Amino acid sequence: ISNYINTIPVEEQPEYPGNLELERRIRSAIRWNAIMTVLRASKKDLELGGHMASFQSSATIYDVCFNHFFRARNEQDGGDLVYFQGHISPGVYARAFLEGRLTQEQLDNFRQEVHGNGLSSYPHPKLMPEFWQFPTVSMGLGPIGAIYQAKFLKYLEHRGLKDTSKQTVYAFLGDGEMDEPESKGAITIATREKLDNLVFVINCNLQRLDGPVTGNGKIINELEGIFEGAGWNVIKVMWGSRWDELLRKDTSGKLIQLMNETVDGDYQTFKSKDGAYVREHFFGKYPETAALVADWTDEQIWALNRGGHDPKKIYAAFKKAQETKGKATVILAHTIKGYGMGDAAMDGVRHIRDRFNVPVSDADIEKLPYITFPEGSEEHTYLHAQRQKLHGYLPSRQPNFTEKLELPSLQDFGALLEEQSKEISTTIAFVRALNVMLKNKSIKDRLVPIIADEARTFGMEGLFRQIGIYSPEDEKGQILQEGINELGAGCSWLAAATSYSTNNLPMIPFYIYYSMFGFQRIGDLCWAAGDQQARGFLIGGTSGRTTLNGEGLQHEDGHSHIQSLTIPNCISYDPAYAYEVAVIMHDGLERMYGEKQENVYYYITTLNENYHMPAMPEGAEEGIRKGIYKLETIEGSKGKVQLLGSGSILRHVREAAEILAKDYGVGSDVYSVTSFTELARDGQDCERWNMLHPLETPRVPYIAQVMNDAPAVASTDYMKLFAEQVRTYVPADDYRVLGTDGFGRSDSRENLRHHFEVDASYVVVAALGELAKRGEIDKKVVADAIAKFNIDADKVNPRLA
């Protein structure tokens, strides 16, 4: 930690290149318009919300960047990737409006988007696909997402895919937000990878929402200490130009001492006082300091500003940042929250009008008018001249990539569609499908396999010799190894999954990890990924409650699919066979990176258990993609049931079908459900359409088109709700669902499958139970089966176990 003063002394401060007066004129108009759209929205009294205080404290920081640093998307690259602080959006809208990119009607529709011509509260690409790029409102996600975006840009350059050398990634953060563990939890990575293309801009106004970050301390010093410790280049923008003279005359070094010794809370109090309270309480601390302002008017004292409000001090920091190589830079900008709002945190509106000399007359002020700059005006000319010199306007977004890829056909996955000689798993099938893709000329180098330390666990070691590990094992290595960092890996996956839009360069990521450490551990990023229109593959390996058998409670995943189904644009599958994995992966590739360019990402749970992999039934392709298909029918004269299974449990329901036929003469229709979720969604869509079209013939859910009315039983390696979600659409009178509800524990797969009551014997008992209720068989028949199969009818519900 250094002295509590600017990192760059005036003598080392470059000359400011812009017209300060004209820029203030433009900046004031932007400030006014941002305040007007929020105030107009609030006038509606519809609890719309929207912030002003924050943007007021950081407007000049952004202004300097828009005028002299921010490079817009161009023919060569996607420009600078700016992670705009979420709640300062009204300022971004205000500027875009001034630039003529947004209309007054859209501003008047701030936070009212349902009808089409509105603006989102925050940066939401899904909602404004041609405007916003990075979802930053969920604090903490922006800093880490930006770190890996910067790393990914280096990756593209190192892999020879794209020269991203002219791009800088800017993460605009708040000091309070740095408390989120993901904000500083990964900063050493930027040092390890020498991310000199990443700039953290922390708005240090010393306050969070309900108070100061650390009133009894100095967060700017805490921030400097840890970022410096993490190897980052730290630039503190503490004081404005007015202080330069005071510090130079400060021969006793007492001013610096006073500055150093004052804590955040104190500084914050002076904030609400006056030029005399300051001189008395701040400067008045030491005669050496009090004597410095002795010859100063209380107004000249109160005129001393924080560095984050001085274009000159701001420019110096961003310039130094862009010059620095070898490591990332963090700019700690000292600002005043709710700057120039005084009374705030029509008299107040008149105050800011006067305060920033806004060109609005007394006659119009009540109309809460938006200000614009006429073509031909100095402000209009300058505003656009600065942007054009920087490649245009930002933020802006391109929803689809331009190139045409020559994707592998399903037949290219032919070997995976055949019966397998060796017993393998769906994970081995996944890796195999990856290899098929690695042979496709068009996308082979666009593939981005991602691992979080463990590769051997997922049988990925074989890929290393083929494509290598990115290690700028060299800068040309293709696989991203992020170590024990699921969030960081997800952020690399996200950068890769959105490269098609950001850099107009489609990249296809495949991140495989322990399924339990997916949505459960990085769920907020997964939701943000949906917002960012990520197109990629998330592979939840070692999935299923009873399949990762020895690991126990914090590893056994019987619910990730319940978490994944909450994301609208995530397509989830739980295949049982290798050929299903092939079909599913081929379809995803086609949908996401083929002509369709569907904004959806995939989640496929794969297993670590080997078993016989049969050949794909001819014509099963569509059913596999839709989520279900009849595997086969077993004859039985004494009854008929329908059996459903997915993942590693399907082969157990298949065994139950043979037992049912063999021991009870009960035949059955056996279905492989590759996706209970896609089926549920299809069912919901049909029922929704039916309800909205009362005069039309009811549409039939696909699952109802595939199944019949015979009593049905479903068993899965996930909690019952996974299969129970399609009940409404199952055309059978009876539908019994078996599942792995309850906490996992360590055992053999056999003991776990019996414990969670999802094995063959339970499926059989469940099937017999429905047939008995129908009078097709006697109840003593099921009571005997229960005894026969060594089933404890009275053991505690596994959910409670």
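Residues carry their position along the shown sequence, with the first being 1.
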Checklist entry - Which class describes the count of deposited residues lacking coordinates between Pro472 and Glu473: none, 1 to 3, 4 to 9, or 10 or more? => result 10 or more
Checklist entry - How much of the deposited sequence is absent from the coordinates between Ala345 and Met346: none, 1 to 3, 4 to 9, or 10 or more residues? => result 10 or more
Item to check | Mean temperature factor over C-alpha atoms, higher-scoring stretch between 558-566 and 230-238 | outcome: 230-238
Item to check | Between 354-362 and 539-547 (mean CA B-factor, as deposited), the higher | outcome: 354-362
Item to check | Residue with highest C-alpha B-factor in the PDB entry, from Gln85, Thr606, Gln520, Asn216 | outcome: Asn216
Item to check | Residue selected from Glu461, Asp685, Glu482, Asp717 by maximal Cα B factor | outcome: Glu461
Checklist outcome for this item: In terms of its chain's C-alpha B-factors, the third that includes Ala801 is the middle
Item to check | Within-chain third of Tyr511 by Cα B-factor, per the entry | outcome: lowest
Checklist entry - Within this chain, which third does the Cα B-factor at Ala53 fall in: lowest, middle or highest? => result highest
Checklist entry - For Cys65, does the deposited CA B-factor place it in the lowest, middle or highest third of the chain? => result lowest
Checklist entry - Which third of the chain holds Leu752 when residues are ordered by C-alpha B factor: lowest, middle or highest? => result lowest
